[PDB]
file target_33.json (JSON, C-alpha atoms and all ligand atoms)
[["chain", "number", "residue", "atom", "x", "y", "z"],
["A", 25, "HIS", "CA", 70.95, 100.17, 98.41],
["A", 26, "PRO", "CA", 72.25, 103.47, 99.77],
["A", 27, "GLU", "CA", 74.41, 105.82, 97.68],
["A", 28, "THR", "CA", 78.04, 105.42, 98.62],
["A", 29, "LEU", "CA", 78.49, 108.75, 100.39],
["A", 30, "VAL", "CA", 75.21, 108.21, 102.26],
["A", 31, "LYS", "CA", 76.44, 104.76, 103.29],
["A", 32, "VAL", "CA", 79.86, 106.13, 104.42],
["A", 33, "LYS", "CA", 78.13, 108.74, 106.55],
["A", 34, "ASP", "CA", 75.80, 106.11, 107.98],
["A", 35, "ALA", "CA", 78.77, 103.85, 108.78],
["A", 36, "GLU", "CA", 80.24, 106.72, 110.76],
["A", 37, "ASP", "CA", 76.89, 107.26, 112.56],
["A", 38, "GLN", "CA", 76.77, 103.64, 113.53],
["A", 39, "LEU", "CA", 80.45, 103.09, 114.46],
["A", 40, "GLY", "CA", 81.45, 106.40, 116.08],
["A", 41, "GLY", "CA", 84.92, 107.63, 115.33],
["A", 42, "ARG", "CA", 85.55, 108.79, 111.73],
["A", 43, "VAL", "CA", 85.28, 107.08, 108.40],
["A", 44, "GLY", "CA", 87.31, 108.43, 105.47],
["A", 45, "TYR", "CA", 86.72, 107.49, 101.87],
["A", 46, "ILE", "CA", 87.90, 108.36, 98.39],
["A", 47, "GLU", "CA", 87.37, 106.97, 94.92],
["A", 48, "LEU", "CA", 89.77, 107.99, 92.08],
["A", 49, "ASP", "CA", 89.54, 107.28, 88.39],
["A", 50, "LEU", "CA", 92.62, 105.20, 87.73],
["A", 51, "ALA", "CA", 93.32, 106.43, 84.12],
["A", 52, "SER", "CA", 92.91, 110.14, 84.86],
["A", 53, "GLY", "CA", 93.54, 110.29, 88.55],
["A", 54, "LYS", "CA", 90.45, 112.52, 88.99],
["A", 55, "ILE", "CA", 88.63, 112.36, 92.34],
["A", 56, "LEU", "CA", 85.22, 110.92, 91.71],
["A", 57, "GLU", "CA", 83.87, 111.23, 95.21],
["A", 58, "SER", "CA", 85.16, 111.52, 98.75],
["A", 59, "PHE", "CA", 84.42, 112.01, 102.45],
["A", 60, "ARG", "CA", 87.07, 113.41, 104.86],
["A", 61, "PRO", "CA", 89.65, 113.22, 102.04],
["A", 62, "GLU", "CA", 92.25, 115.39, 103.77],
["A", 63, "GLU", "CA", 91.92, 114.18, 107.34],
["A", 64, "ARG", "CA", 94.52, 111.90, 108.97],
["A", 65, "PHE", "CA", 93.91, 108.26, 109.73],
["A", 66, "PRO", "CA", 96.27, 105.53, 111.01],
["A", 67, "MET", "CA", 97.61, 103.45, 108.09],
["A", 68, "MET", "CA", 97.93, 100.23, 109.98],
["A", 69, "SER", "CA", 99.00, 97.35, 107.69],
["A", 70, "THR", "CA", 98.09, 99.26, 104.56],
["A", 71, "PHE", "CA", 101.61, 100.72, 104.75],
["A", 72, "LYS", "CA", 102.99, 97.36, 103.60],
["A", 73, "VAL", "CA", 102.16, 98.19, 99.99],
["A", 74, "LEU", "CA", 104.10, 101.42, 100.18],
["A", 75, "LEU", "CA", 107.03, 99.54, 101.82],
["A", 76, "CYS", "CA", 107.11, 97.07, 98.95],
["A", 77, "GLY", "CA", 106.93, 99.97, 96.53],
["A", 78, "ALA", "CA", 110.15, 101.28, 98.11],
["A", 79, "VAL", "CA", 111.74, 97.80, 97.87],
["A", 80, "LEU", "CA", 110.80, 97.56, 94.20],
["A", 81, "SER", "CA", 112.19, 101.03, 93.59],
["A", 82, "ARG", "CA", 115.49, 99.77, 94.98],
["A", 83, "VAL", "CA", 115.27, 96.77, 92.63],
["A", 84, "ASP", "CA", 114.74, 99.08, 89.69],
["A", 85, "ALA", "CA", 117.74, 101.12, 90.84],
["A", 86, "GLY", "CA", 120.03, 98.06, 90.97],
["A", 87, "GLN", "CA", 120.28, 98.18, 94.76],
["A", 88, "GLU", "CA", 118.19, 95.13, 95.64],
["A", 89, "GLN", "CA", 117.17, 91.78, 94.17],
["A", 90, "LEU", "CA", 113.81, 90.08, 94.77],
["A", 91, "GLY", "CA", 115.69, 86.76, 94.84],
["A", 92, "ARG", "CA", 118.05, 87.75, 97.62],
["A", 93, "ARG", "CA", 117.62, 85.45, 100.55],
["A", 94, "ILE", "CA", 117.24, 86.82, 104.11],
["A", 95, "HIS", "CA", 117.88, 84.65, 107.13],
["A", 96, "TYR", "CA", 116.61, 85.77, 110.51],
["A", 97, "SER", "CA", 116.18, 84.37, 113.97],
["A", 98, "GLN", "CA", 113.48, 83.59, 116.47],
["A", 99, "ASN", "CA", 114.29, 86.84, 118.27],
["A", 100, "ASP", "CA", 113.28, 88.83, 115.20],
["A", 101, "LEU", "CA", 109.71, 87.51, 115.32],
["A", 102, "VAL", "CA", 106.86, 89.75, 116.37],
["A", 103, "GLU", "CA", 103.09, 89.22, 116.65],
["A", 104, "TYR", "CA", 101.10, 88.33, 113.50],
["A", 105, "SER", "CA", 103.86, 86.56, 111.53],
["A", 106, "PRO", "CA", 102.16, 83.50, 110.06],
["A", 107, "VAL", "CA", 104.53, 83.03, 107.13],
["A", 108, "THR", "CA", 107.89, 84.19, 108.58],
["A", 109, "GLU", "CA", 107.51, 82.08, 111.69],
["A", 110, "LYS", "CA", 107.68, 78.92, 109.49],
["A", 111, "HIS", "CA", 110.98, 79.83, 107.78],
["A", 112, "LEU", "CA", 113.50, 80.16, 110.58],
["A", 113, "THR", "CA", 115.82, 77.55, 108.96],
["A", 114, "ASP", "CA", 115.45, 78.43, 105.30],
["A", 115, "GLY", "CA", 114.82, 82.15, 105.49],
["A", 116, "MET", "CA", 112.84, 83.98, 102.80],
["A", 117, "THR", "CA", 113.67, 85.94, 99.71],
["A", 118, "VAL", "CA", 112.95, 89.66, 99.49],
["A", 119, "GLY", "CA", 110.15, 88.92, 97.06],
["A", 120, "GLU", "CA", 108.72, 86.26, 99.35],
["A", 121, "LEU", "CA", 108.84, 88.76, 102.22],
["A", 122, "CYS", "CA", 106.83, 91.25, 100.19],
["A", 123, "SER", "CA", 104.36, 88.54, 99.23],
["A", 124, "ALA", "CA", 103.95, 87.66, 102.89],
["A", 125, "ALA", "CA", 103.70, 91.28, 104.07],
["A", 126, "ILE", "CA", 101.06, 92.11, 101.48],
["A", 127, "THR", "CA", 99.07, 88.93, 101.13],
["A", 128, "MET", "CA", 99.14, 87.73, 104.72],
["A", 129, "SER", "CA", 99.90, 91.01, 106.56],
["A", 130, "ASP", "CA", 102.99, 89.35, 108.02],
["A", 131, "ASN", "CA", 104.53, 91.72, 110.50],
["A", 132, "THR", "CA", 108.01, 90.26, 110.79],
["A", 133, "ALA", "CA", 108.20, 90.27, 107.02],
["A", 134, "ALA", "CA", 107.41, 93.97, 106.99],
["A", 135, "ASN", "CA", 109.97, 94.68, 109.75],
["A", 136, "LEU", "CA", 112.65, 92.73, 107.85],
["A", 137, "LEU", "CA", 111.88, 94.72, 104.72],
["A", 138, "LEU", "CA", 112.02, 97.96, 106.72],
["A", 139, "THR", "CA", 115.55, 96.95, 107.84],
["A", 140, "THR", "CA", 116.52, 96.60, 104.20],
["A", 141, "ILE", "CA", 115.77, 100.27, 103.59],
["A", 142, "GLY", "CA", 116.97, 101.62, 106.94],
["A", 143, "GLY", "CA", 113.76, 101.90, 108.92],
["A", 144, "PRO", "CA", 110.45, 103.81, 109.00],
["A", 145, "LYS", "CA", 112.03, 107.24, 108.50],
["A", 146, "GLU", "CA", 113.50, 105.96, 105.21],
["A", 147, "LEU", "CA", 110.06, 104.84, 104.03],
["A", 148, "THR", "CA", 108.86, 108.38, 104.85],
["A", 149, "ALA", "CA", 111.79, 109.76, 102.87],
["A", 150, "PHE", "CA", 110.78, 107.52, 99.92],
["A", 151, "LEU", "CA", 107.22, 108.85, 100.05],
["A", 152, "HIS", "CA", 108.44, 112.41, 100.34],
["A", 153, "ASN", "CA", 110.68, 111.78, 97.33],
["A", 154, "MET", "CA", 107.69, 110.64, 95.20],
["A", 155, "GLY", "CA", 105.81, 113.83, 96.13],
["A", 156, "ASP", "CA", 103.77, 112.59, 99.12],
["A", 157, "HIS", "CA", 104.53, 115.07, 101.92],
["A", 158, "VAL", "CA", 101.60, 113.85, 104.00],
["A", 159, "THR", "CA", 101.98, 110.16, 104.61],
["A", 160, "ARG", "CA", 104.45, 109.19, 107.39],
["A", 161, "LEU", "CA", 105.68, 105.98, 108.91],
["A", 162, "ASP", "CA", 107.44, 106.33, 112.27],
["A", 163, "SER", "CA", 107.06, 102.98, 113.95],
["A", 164, "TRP", "CA", 107.63, 99.31, 113.45],
["A", 165, "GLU", "CA", 105.14, 96.47, 113.70],
["A", 166, "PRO", "CA", 103.24, 95.76, 115.85],
["A", 167, "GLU", "CA", 103.30, 98.98, 117.80],
["A", 168, "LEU", "CA", 102.29, 100.85, 114.81],
["A", 169, "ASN", "CA", 99.04, 102.57, 115.72],
["A", 170, "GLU", "CA", 98.79, 100.88, 119.13],
["A", 171, "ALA", "CA", 100.91, 103.27, 121.19],
["A", 172, "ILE", "CA", 98.68, 106.37, 122.03],
["A", 173, "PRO", "CA", 96.54, 107.90, 119.19],
["A", 174, "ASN", "CA", 97.30, 109.99, 115.99],
["A", 175, "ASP", "CA", 100.25, 112.35, 116.62],
["A", 176, "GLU", "CA", 100.20, 112.47, 112.95],
["A", 177, "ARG", "CA", 102.79, 109.56, 113.43],
["A", 178, "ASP", "CA", 101.97, 106.48, 111.30],
["A", 179, "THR", "CA", 99.21, 108.23, 109.42],
["A", 180, "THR", "CA", 98.01, 109.08, 105.92],
["A", 181, "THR", "CA", 94.92, 110.76, 104.45],
["A", 182, "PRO", "CA", 92.53, 109.13, 102.02],
["A", 183, "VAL", "CA", 93.68, 111.44, 99.17],
["A", 184, "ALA", "CA", 97.40, 111.10, 99.93],
["A", 185, "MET", "CA", 97.17, 107.31, 100.05],
["A", 186, "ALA", "CA", 95.02, 107.01, 96.95],
["A", 187, "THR", "CA", 97.28, 109.40, 95.01],
["A", 188, "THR", "CA", 100.45, 107.60, 96.12],
["A", 189, "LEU", "CA", 98.95, 104.16, 95.32],
["A", 190, "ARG", "CA", 97.96, 105.37, 91.85],
["A", 191, "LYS", "CA", 101.51, 106.66, 91.23],
["A", 192, "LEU", "CA", 102.99, 103.27, 92.29],
["A", 193, "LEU", "CA", 100.58, 101.20, 90.15],
["A", 194, "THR", "CA", 100.45, 103.36, 87.02],
["A", 195, "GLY", "CA", 103.32, 105.81, 87.00],
["A", 196, "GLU", "CA", 106.63, 105.23, 85.30],
["A", 197, "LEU", "CA", 107.85, 105.67, 88.90],
["A", 198, "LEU", "CA", 108.43, 101.93, 88.87],
["A", 199, "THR", "CA", 109.40, 99.91, 85.84],
["A", 200, "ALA", "CA", 106.60, 98.04, 84.12],
["A", 201, "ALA", "CA", 107.78, 94.74, 85.66],
["A", 202, "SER", "CA", 107.90, 96.22, 89.14],
["A", 203, "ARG", "CA", 104.48, 97.96, 88.84],
["A", 204, "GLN", "CA", 103.09, 94.61, 87.75],
["A", 205, "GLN", "CA", 104.74, 92.75, 90.58],
["A", 206, "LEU", "CA", 103.24, 95.15, 93.11],
["A", 207, "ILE", "CA", 99.71, 94.82, 91.76],
["A", 208, "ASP", "CA", 100.17, 91.06, 91.51],
["A", 209, "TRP", "CA", 100.95, 90.81, 95.22],
["A", 210, "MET", "CA", 97.89, 92.96, 96.04],
["A", 211, "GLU", "CA", 95.69, 90.84, 93.75],
["A", 212, "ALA", "CA", 96.89, 87.74, 95.65],
["A", 213, "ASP", "CA", 95.76, 89.20, 99.05],
["A", 214, "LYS", "CA", 94.48, 86.39, 101.24],
["A", 215, "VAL", "CA", 93.26, 88.17, 104.36],
["A", 216, "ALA", "CA", 90.70, 90.75, 103.10],
["A", 217, "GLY", "CA", 87.87, 88.45, 102.25],
["A", 218, "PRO", "CA", 85.43, 90.10, 104.72],
["A", 219, "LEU", "CA", 85.93, 93.54, 103.22],
["A", 220, "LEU", "CA", 85.54, 94.84, 99.62],
["A", 221, "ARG", "CA", 86.03, 91.36, 98.18],
["A", 222, "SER", "CA", 82.76, 90.26, 99.80],
["A", 223, "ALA", "CA", 80.86, 92.68, 97.48],
["A", 224, "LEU", "CA", 82.81, 91.98, 94.29],
["A", 225, "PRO", "CA", 80.90, 90.49, 91.28],
["A", 226, "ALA", "CA", 82.31, 87.64, 89.21],
["A", 227, "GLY", "CA", 84.68, 88.72, 86.52],
["A", 228, "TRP", "CA", 85.92, 91.77, 88.37],
["A", 229, "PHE", "CA", 89.52, 92.48, 89.15],
["A", 230, "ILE", "CA", 90.68, 93.51, 92.65],
["A", 231, "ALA", "CA", 94.09, 94.22, 94.08],
["A", 232, "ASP", "CA", 93.93, 95.27, 97.71],
["A", 233, "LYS", "CA", 95.57, 95.61, 101.10],
["A", 234, "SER", "CA", 93.76, 95.68, 104.45],
["A", 235, "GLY", "CA", 94.78, 96.85, 107.92],
["A", 236, "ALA", "CA", 93.53, 96.65, 111.49],
["A", 237, "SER", "CA", 94.29, 97.82, 114.95],
["A", 238, "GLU", "CA", 92.93, 95.66, 117.79],
["A", 239, "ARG", "CA", 90.42, 98.33, 118.65],
["A", 240, "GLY", "CA", 89.08, 101.41, 116.97],
["A", 241, "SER", "CA", 90.56, 101.20, 113.47],
["A", 242, "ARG", "CA", 90.33, 99.40, 110.14],
["A", 243, "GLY", "CA", 91.20, 100.18, 106.59],
["A", 244, "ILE", "CA", 91.65, 99.04, 103.02],
["A", 245, "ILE", "CA", 93.24, 100.29, 99.84],
["A", 246, "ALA", "CA", 92.29, 98.84, 96.48],
["A", 247, "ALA", "CA", 92.50, 99.06, 92.73],
["A", 248, "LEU", "CA", 89.42, 97.36, 91.21],
["A", 249, "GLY", "CA", 87.20, 97.26, 88.19],
["A", 250, "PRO", "CA", 84.99, 95.17, 85.91],
["A", 251, "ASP", "CA", 86.09, 92.86, 83.06],
["A", 252, "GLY", "CA", 89.37, 91.82, 84.67],
["A", 253, "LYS", "CA", 91.05, 95.22, 84.77],
["A", 254, "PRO", "CA", 91.32, 97.79, 87.49],
["A", 255, "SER", "CA", 89.74, 101.15, 86.64],
["A", 256, "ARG", "CA", 89.39, 102.93, 89.97],
["A", 257, "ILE", "CA", 91.21, 103.27, 93.28],
["A", 258, "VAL", "CA", 89.23, 103.11, 96.52],
["A", 259, "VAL", "CA", 90.64, 103.97, 99.98],
["A", 260, "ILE", "CA", 88.57, 103.51, 103.15],
["A", 261, "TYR", "CA", 89.84, 104.21, 106.68],
["A", 262, "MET", "CA", 88.06, 104.16, 109.96],
["A", 263, "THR", "CA", 89.39, 105.14, 113.34],
["A", 264, "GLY", "CA", 88.49, 106.41, 116.71],
["A", 265, "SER", "CA", 85.62, 104.14, 117.68],
["A", 266, "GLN", "CA", 84.97, 101.36, 120.11],
["A", 267, "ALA", "CA", 83.27, 99.23, 117.49],
["A", 268, "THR", "CA", 83.90, 95.54, 117.20],
["A", 269, "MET", "CA", 85.95, 94.00, 114.43],
["A", 270, "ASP", "CA", 82.79, 92.39, 113.03],
["A", 271, "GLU", "CA", 81.11, 95.80, 112.97],
["A", 272, "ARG", "CA", 84.02, 97.45, 111.29],
["A", 273, "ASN", "CA", 84.26, 94.67, 108.70],
["A", 274, "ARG", "CA", 80.48, 94.79, 108.02],
["A", 275, "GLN", "CA", 80.54, 98.49, 107.39],
["A", 276, "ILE", "CA", 83.46, 98.29, 104.96],
["A", 277, "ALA", "CA", 81.68, 95.42, 103.12],
["A", 278, "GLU", "CA", 78.47, 97.55, 102.94],
["A", 279, "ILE", "CA", 80.40, 100.59, 101.63],
["A", 280, "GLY", "CA", 81.83, 98.19, 99.02],
["A", 281, "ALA", "CA", 78.40, 96.95, 98.02],
["A", 282, "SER", "CA", 77.26, 100.56, 97.55],
["A", 283, "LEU", "CA", 80.20, 101.54, 95.41],
["A", 284, "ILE", "CA", 79.78, 98.47, 93.20],
["A", 285, "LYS", "CA", 75.99, 98.91, 92.86],
["A", 286, "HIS", "CA", 76.41, 102.59, 91.98],
["A", 287, "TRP", "CA", 79.56, 102.19, 89.84],
["A", 301, "LIG", "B1", 98.64, 95.72, 110.50],
["A", 301, "LIG", "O1", 97.25, 96.16, 110.33],
["A", 301, "LIG", "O2", 99.51, 96.87, 110.82],
["A", 301, "LIG", "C1", 98.93, 94.51, 111.44],
["A", 301, "LIG", "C2", 98.54, 93.05, 111.12],
["A", 301, "LIG", "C3", 97.05, 92.83, 110.87],
["A", 301, "LIG", "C4", 96.54, 93.04, 109.61],
["A", 301, "LIG", "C5", 95.18, 92.88, 109.34],
["A", 301, "LIG", "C6", 94.63, 93.06, 107.98],
["A", 301, "LIG", "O3", 93.41, 93.16, 107.77],
["A", 301, "LIG", "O4", 95.47, 93.12, 107.07],
["A", 301, "LIG", "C7", 94.33, 92.45, 110.33],
["A", 301, "LIG", "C8", 94.85, 92.23, 111.60],
["A", 301, "LIG", "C9", 96.23, 92.41, 111.89],
["A", 301, "LIG", "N1", 98.26, 94.86, 112.73],
["A", 301, "LIG", "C10", 98.70, 94.55, 113.96],
["A", 301, "LIG", "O5", 99.74, 93.92, 114.20],
["A", 301, "LIG", "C11", 97.82, 95.07, 115.11],
["A", 301, "LIG", "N2", 98.66, 95.19, 116.33],
["A", 301, "LIG", "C12", 96.73, 94.13, 115.35],
["A", 301, "LIG", "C13", 97.02, 93.00, 116.06],
["A", 301, "LIG", "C14", 95.94, 92.11, 116.33],
["A", 301, "LIG", "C15", 94.65, 92.35, 115.89],
["A", 301, "LIG", "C16", 94.40, 93.46, 115.20],
["A", 301, "LIG", "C17", 95.40, 94.37, 114.99],
["A", 302, "CA", "CA", 79.43, 112.39, 110.96]]
call {"tool": "encode", "arguments": {"input": "target_33.json", "output": "structure tokens", "more": "lines below"}}
Ligand SMILES: *[B]([O])([O])[C]([C]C1=[C]C(C([O])=O)=[C][C]=[C]1)[N]C(=O)[C]([N])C1=[C][C]=[C][C]=[C]1
Ligand SMILES: [Ca+2]
result
Amino acid sequence: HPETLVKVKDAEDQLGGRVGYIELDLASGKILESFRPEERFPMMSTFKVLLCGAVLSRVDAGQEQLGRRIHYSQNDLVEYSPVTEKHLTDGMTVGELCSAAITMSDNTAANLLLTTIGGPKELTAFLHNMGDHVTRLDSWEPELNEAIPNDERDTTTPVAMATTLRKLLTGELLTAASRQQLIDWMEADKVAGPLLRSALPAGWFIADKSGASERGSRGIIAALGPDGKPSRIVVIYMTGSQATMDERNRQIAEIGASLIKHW
């Protein structure tokens, strides 16, 4: 069962492109191990967590309500909108939109939530304002990461993402209720079964968020640990290859197995 760094390097040998990885201790924030920690990768759908962090920050500031209902029309729908496409008559609450963006990777939900904050540049401003001067969102879904490769637009680094996720889940950046709501949505993720979850032993906690481009890229962010409580953050990104989705998934699952077996 290869050591995690050995397995990450092997994944990159087999896939082509780059694989980036970091593991942080959740309590201390210390980097436990990493590979390409400071290199840029496309965020893909992993940004949806950060988006909902910004929404929750607005809640905490008295500027938004999770119960506020948003109506939208057929013309607002984009690709990969399995939840929002079923609510054209009734609309969805802000909190429902975050649940759908996080748990189902719903793209229209994410775009609606981006409208609530004024667009991708405002999410960047939110990240900047929490001390992340690396991560940037510039585009909407689904063009995010599909229109001509890393111009630094729509990218993060493993360390920036892991650091920022730790601050959202543990900091007093968010209120206790909002921190808990964010991790609850990640825990309820429905679409990342083939990834880290496939390696997870019974009894363990995981809160995660996956992402994909059609070709070349995959990723996941997670807070996980034994005995029902998260104790570490893991971020894995891969980009730049011509590997199949099955291949990409397999390699993330095998990195997961290594990190669990060598915990
Ligand atoms: B997202 O990664 O930006 C988004 C939706 C999506 C999420 C996931 C996941 O694992 O959470 C898997 C697949 C799609 N990506 C896209 O909209 C992207 N254009 C896309 C579209 C089709 C297939 C793969 C990627
Ligand atoms: Ca290499």
call {"tool": "atom_distance", "arguments": {"input": "target_33.json", "atom1": "atom CA of residue 164 of chain A", "atom2": "atom CA of residue 93 of chain A"}}
result
21.4 Å
call {"tool": "residues_near_ligand", "arguments": {"input": "target_33.json", "ligand": "ligand LIG 301 (chain A)", "cutoff": "9 Å", "atoms": "all atoms listed in the file", "output": "tab-separated table (two decimals) with C-alpha atoms, in the coordinates of the input"}}
result
chain	number	residue	atom	x	y	z
A	67	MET	CA	97.61	103.45	108.09
A	68	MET	CA	97.93	100.23	109.98
A	69	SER	CA	99.00	97.35	107.69
A	70	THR	CA	98.09	99.26	104.56
A	71	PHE	CA	101.61	100.72	104.75
A	72	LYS	CA	102.99	97.36	103.60
A	102	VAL	CA	106.86	89.75	116.37
A	103	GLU	CA	103.09	89.22	116.65
A	104	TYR	CA	101.10	88.33	113.50
A	105	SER	CA	103.86	86.56	111.53
A	125	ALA	CA	103.70	91.28	104.07
A	126	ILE	CA	101.06	92.11	101.48
A	127	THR	CA	99.07	88.93	101.13
A	128	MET	CA	99.14	87.73	104.72
A	129	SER	CA	99.90	91.01	106.56
A	130	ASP	CA	102.99	89.35	108.02
A	131	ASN	CA	104.53	91.72	110.50
A	164	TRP	CA	107.63	99.31	113.45
A	165	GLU	CA	105.14	96.47	113.70
A	166	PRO	CA	103.24	95.76	115.85
A	167	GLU	CA	103.30	98.98	117.80
A	168	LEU	CA	102.29	100.85	114.81
A	169	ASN	CA	99.04	102.57	115.72
A	170	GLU	CA	98.79	100.88	119.13
A	213	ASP	CA	95.76	89.20	99.05
A	214	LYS	CA	94.48	86.39	101.24
A	215	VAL	CA	93.26	88.17	104.36
A	216	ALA	CA	90.70	90.75	103.10
A	219	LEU	CA	85.93	93.54	103.22
A	233	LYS	CA	95.57	95.61	101.10
A	234	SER	CA	93.76	95.68	104.45
A	235	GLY	CA	94.78	96.85	107.92
A	236	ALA	CA	93.53	96.65	111.49
A	237	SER	CA	94.29	97.82	114.95
A	238	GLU	CA	92.93	95.66	117.79
A	239	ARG	CA	90.42	98.33	118.65
A	241	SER	CA	90.56	101.20	113.47
A	242	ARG	CA	90.33	99.40	110.14
A	243	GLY	CA	91.20	100.18	106.59
A	244	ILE	CA	91.65	99.04	103.02
A	269	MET	CA	85.95	94.00	114.43
call {"tool": "atom_distance", "arguments": {"input": "target_33.json", "atom1": "atom CA of residue 281 of chain A", "atom2": "atom CA of residue 30 of chain A"}}
result
12.4 Å
call {"tool": "closest_atom_pairs", "arguments": {"input": "target_33.json", "of": "chain A", "to": "ligand CA 302 (chain A)", "cutoff": "9 Å", "atoms": "all atoms listed in the file", "output": "CSV"}}
result
residue,atom,partner,partner_atom,distance
A:33,CA,A:CA302,CA,5.9
A:34,CA,A:CA302,CA,7.8
A:35,CA,A:CA302,CA,8.8
A:36,CA,A:CA302,CA,5.7
A:37,CA,A:CA302,CA,5.9
A:40,CA,A:CA302,CA,8.1
A:41,CA,A:CA302,CA,8.5
A:42,CA,A:CA302,CA,7.1
A:43,CA,A:CA302,CA,8.3
call {"tool": "atom_distance", "arguments": {"input": "target_33.json", "atom1": "atom CA of residue 172 of chain A", "atom2": "atom CA of residue 186 of chain A"}}
result
25.4 Å
call {"tool": "residues_around", "arguments": {"input": "target_33.json", "residues": "segment 94-101 of chain A", "least_positions_apart": "6", "cutoff": "10 Å", "atoms": "only C-alpha atoms", "output": "JSON list (two decimals) with C-alpha atoms, in the frame of the given file"}}
result
[["chain", "number", "residue", "atom", "x", "y", "z"],
["A", 108, "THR", "CA", 107.89, 84.19, 108.58],
["A", 109, "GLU", "CA", 107.51, 82.08, 111.69],
["A", 111, "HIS", "CA", 110.98, 79.83, 107.78],
["A", 112, "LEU", "CA", 113.50, 80.16, 110.58],
["A", 113, "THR", "CA", 115.82, 77.55, 108.96],
["A", 114, "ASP", "CA", 115.45, 78.43, 105.30],
["A", 115, "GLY", "CA", 114.82, 82.15, 105.49],
["A", 116, "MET", "CA", 112.84, 83.98, 102.80],
["A", 117, "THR", "CA", 113.67, 85.94, 99.71],
["A", 118, "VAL", "CA", 112.95, 89.66, 99.49],
["A", 120, "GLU", "CA", 108.72, 86.26, 99.35],
["A", 121, "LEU", "CA", 108.84, 88.76, 102.22],
["A", 131, "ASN", "CA", 104.53, 91.72, 110.50],
["A", 132, "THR", "CA", 108.01, 90.26, 110.79],
["A", 133, "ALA", "CA", 108.20, 90.27, 107.02],
["A", 135, "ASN", "CA", 109.97, 94.68, 109.75],
["A", 136, "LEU", "CA", 112.65, 92.73, 107.85],
["A", 137, "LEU", "CA", 111.88, 94.72, 104.72],
["A", 140, "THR", "CA", 116.52, 96.60, 104.20]]
call {"tool": "decode", "arguments": {"input": "target_33.json", "residues": "segment 197-209 of chain A", "atoms": "N, CA and C atoms", "output": "PDB file, in the first residue's frame"}}
result
ATOM      1  N   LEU A 197     -14.282  33.252  11.826  1.00  0.00           N
ATOM      2  CA  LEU A 197     -14.645  33.979  10.631  1.00  0.00           C
ATOM      3  C   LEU A 197     -16.174  33.958  10.380  1.00  0.00           C
ATOM      4  N   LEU A 198     -16.717  32.809  10.483  1.00  0.00           N
ATOM      5  CA  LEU A 198     -18.143  32.543  10.504  1.00  0.00           C
ATOM      6  C   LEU A 198     -18.602  32.309  11.902  1.00  0.00           C
ATOM      7  N   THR A 199     -19.856  32.570  12.215  1.00  0.00           N
ATOM      8  CA  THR A 199     -20.447  32.198  13.472  1.00  0.00           C
ATOM      9  C   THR A 199     -20.474  30.685  13.600  1.00  0.00           C
ATOM     10  N   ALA A 200     -20.616  30.194  14.817  1.00  0.00           N
ATOM     11  CA  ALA A 200     -20.646  28.764  15.041  1.00  0.00           C
ATOM     12  C   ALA A 200     -21.753  28.100  14.194  1.00  0.00           C
ATOM     13  N   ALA A 201     -22.928  28.719  14.141  1.00  0.00           N
ATOM     14  CA  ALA A 201     -24.035  28.138  13.387  1.00  0.00           C
ATOM     15  C   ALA A 201     -23.699  28.084  11.939  1.00  0.00           C
ATOM     16  N   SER A 202     -23.098  29.139  11.380  1.00  0.00           N
ATOM     17  CA  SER A 202     -22.751  29.154   9.977  1.00  0.00           C
ATOM     18  C   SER A 202     -21.599  28.172   9.659  1.00  0.00           C
ATOM     19  N   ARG A 203     -20.580  28.103  10.458  1.00  0.00           N
ATOM     20  CA  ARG A 203     -19.493  27.117  10.269  1.00  0.00           C
ATOM     21  C   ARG A 203     -20.104  25.706  10.200  1.00  0.00           C
ATOM     22  N   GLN A 204     -21.006  25.445  11.144  1.00  0.00           N
ATOM     23  CA  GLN A 204     -21.660  24.146  11.183  1.00  0.00           C
ATOM     24  C   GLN A 204     -22.543  23.890   9.958  1.00  0.00           C
ATOM     25  N   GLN A 205     -23.269  24.902   9.501  1.00  0.00           N
ATOM     26  CA  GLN A 205     -24.044  24.720   8.312  1.00  0.00           C
ATOM     27  C   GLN A 205     -23.159  24.388   7.105  1.00  0.00           C
ATOM     28  N   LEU A 206     -22.010  25.044   6.977  1.00  0.00           N
ATOM     29  CA  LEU A 206     -21.144  24.787   5.850  1.00  0.00           C
ATOM     30  C   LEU A 206     -20.633  23.353   5.865  1.00  0.00           C
ATOM     31  N   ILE A 207     -20.180  22.900   7.027  1.00  0.00           N
ATOM     32  CA  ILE A 207     -19.633  21.537   7.105  1.00  0.00           C
ATOM     33  C   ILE A 207     -20.759  20.540   6.920  1.00  0.00           C
ATOM     34  N   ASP A 208     -21.969  20.855   7.380  1.00  0.00           N
ATOM     35  CA  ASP A 208     -23.091  19.978   7.202  1.00  0.00           C
ATOM     36  C   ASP A 208     -23.420  19.767   5.706  1.00  0.00           C
ATOM     37  N   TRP A 209     -23.389  20.831   4.949  1.00  0.00           N
ATOM     38  CA  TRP A 209     -23.623  20.676   3.500  1.00  0.00           C
ATOM     39  C   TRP A 209     -22.533  19.811   2.870  1.00  0.00           C
TER      40      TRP A 209
END
